[PDB]
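Before any questions on how it binds or moves, here is one chain, the form deposited in one PDB entry, in structure tokens.
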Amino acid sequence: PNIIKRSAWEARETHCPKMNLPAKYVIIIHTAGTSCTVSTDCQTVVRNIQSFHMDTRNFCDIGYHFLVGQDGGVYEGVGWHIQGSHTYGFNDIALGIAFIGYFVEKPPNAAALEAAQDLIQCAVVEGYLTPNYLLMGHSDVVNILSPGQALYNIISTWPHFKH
């Protein structure tokens, strides 16, 4: 897919750690904030995410390698060659792809989903991602207690658990 570069959304220039390529994992994330369905709005959101990550979160740059808007566009975060700040303990081996929006109740539209799969496939073709890469959701990294793990299963039987 034709990637919308940092220059397009007027990203703040930085000098961050380099990425270890090819990446071996793809971690899907959602920004959990507002979505965007037209390019101009997506550029604004991406720019504001970079500012928040840097100024408030103290990250070196925006934490995602790429972001996907519901305009069907793929937006360069830090890109292929820069380390992410999206999932601690995996930022230099995992490509963090974040869907712009909140997708708990509804999924991103077909345009966004297809753009994401196209990006992942292209990553392998170009050598940015290993052909035997592991795809997972943000919560799937083992250090984040999640469903299926022994401890999670036990606390899910405790009072007040999600109710």
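If you superpose the two forms and keep the largest set of C-alpha atoms that fall within 1.5 Å, you have the rigid core. Residues that one form lacks are left out of the comparison. Residue indices: 1-based, along the sequence shown.
This protein has a second form, the form deposited with a partner chain bound, left out of what is shown; the following refers to that one.
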Inset, instruction - Although its partner chain is absent from this view, report whether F59 comes within 4.5 Å of it in the deposited bound form, heavy atoms only. - result: yes
Inset, instruction - Considering only heavy atoms, tell me if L151 and its partner chain come within 4.5 Å of each other in the deposited bound form. - result: no
Legend entry - Touches its partner chain in the deposited bound form: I155 (any heavy atom, 4.5 Å): no
Inset, instruction - Consider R47 of the chain shown here, and say whether it contacts its partner chain in the deposited bound form, taking contact as heavy atoms within 4.5 Å. - result: no
Legend entry - Among 121-129, 107-115, 34-42, 134-142, the region lying within 4.5 Å of its partner chain in the deposited bound form by heavy atom distance: 134-142
Legend entry - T14: Cα shift of 2 Å or greater between the shown form and the other one (core-aligned): no
Legend entry - Segments displaced between the shown form and the other one (3 or more residues, each Cα shift of 2 Å or more, core-superposed): 142-163
